[PDB]
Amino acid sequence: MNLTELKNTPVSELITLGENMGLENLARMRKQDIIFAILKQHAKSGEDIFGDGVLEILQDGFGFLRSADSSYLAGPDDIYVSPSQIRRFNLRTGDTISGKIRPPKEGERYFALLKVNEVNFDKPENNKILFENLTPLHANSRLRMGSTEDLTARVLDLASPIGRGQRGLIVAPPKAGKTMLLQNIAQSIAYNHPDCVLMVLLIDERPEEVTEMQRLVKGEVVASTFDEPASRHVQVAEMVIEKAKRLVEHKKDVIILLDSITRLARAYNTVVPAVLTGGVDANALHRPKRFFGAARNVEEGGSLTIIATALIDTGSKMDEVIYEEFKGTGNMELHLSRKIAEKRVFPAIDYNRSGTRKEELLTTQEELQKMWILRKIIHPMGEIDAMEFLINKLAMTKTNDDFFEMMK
């Protein structure tokens, strides 16, 4: 007597019951559409129907349990929540409600929630929200990150360390090795810290890039495709960040690997304007600045760390304005050099103009002391002839032995 055995299933596989049930024809029905016909059939013979989703309260006071699998897309398989059920348990957008659901009545489109079991993976008896969580520093906890796959991660913990609940900005021009850098972060965080909920968000991304990201990354991978309207690029980011805070409310750590603040801001721009400077509404930047600005280490407990990408040298006059607005709004900067990518040289990062401010407190009292040694002999070093020196003086060693036996 259940139907939550597996909801997150592939399309061709989901037709398991489509080859077992007494269904007429299922030729032109979507994946989210076919679950609706199956759920109603398991309702025809009484039974109990369990279910879960992510809360999104609409303009009219009611909400729906949006499927995290479908990147919070609106579908028929969504579970409805009444305004009465919102007041009953103090529910806000971003909540992960789970429990028994009910079949629709006559004149009802959606399936509705019946019983509430877990809110935010916890009993309905819980407190303080992210908006009033005291935010002192990013340095009390650290996300430390001999294969060549650990070469696009080794430089990071020397060039620009990643703090727990830290605002990070990756700056990259087209074709600089940006997409796989995020895939290298995702590895050096899952294969190192499998406790903090990892969310990988991609705005206005290609269909082949999202599926590859969905494959290689362990965790929540929410993304919007290029064919989708400008409004949907917002909805996903609006839903990912609203769930993230809700988890930080439970003293839990959350890391968001957002792709392109620009591509997110370009969406936030085409969805409400008024007076322009170079094709960008100056008022529109307020909404995406709230997204990136939420990244913090909470004093009471938990963290929210957003390591997002900024696009420079796109060619567009709009994209040049966006990065300028975000220059130093974060406290962690990782530049990606154009010239190092032009001559096939990877872990391509501008070590020189890529620091990670407020460092002192993120490392031990002398963990930084042997890091400023190389940092003092980079000024006379070139650009493309600076990264080759960072491989040979690293490959023959490990992490802490990088200078103890490498000082002549």
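Residue numbers run from 1 along the displayed sequence.
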### Message
Does the chain run continuously from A274 to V275, or are deposited residues unmodelled in between? Answer none, 1 to 3, 4 to 9, or 10 or more.
### Response
1 to 3
### Task
Scan the PDB entry between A223 and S224 and report the missing deposited residues as one of none, 1 to 3, 4 to 9, 10 or more.
none
### Task
Identify the stretch, either 132-140 or 71-79, whose C-alpha atoms have the larger mean B-factor according to the entry.
132-140
### Query
For the C-alpha atoms alone, is the average B factor greater in 254-262 or in 115-123, going by the entry?
115-123
### Task
Select lowest, middle or highest to describe the third in which the CA B-factor of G301 falls within its chain in this entry.
lowest
### Query
When the modelled residues of the chain are sorted by Cα temperature factor, does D204 land in the lowest, middle or highest third?
lowest
### Message
Based on the deposited C-alpha B factors for this chain, I'd like to know if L362 is in the lowest, middle or highest third.
### Response
highest
### Message
Per the entry's values, where does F346 land by CA temperature factor relative to the rest of its chain, in the lowest, middle or highest third?
### Response
highest
#### Entry: Assigned third (lowest, middle, highest) for the C-alpha B factor of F50
middle
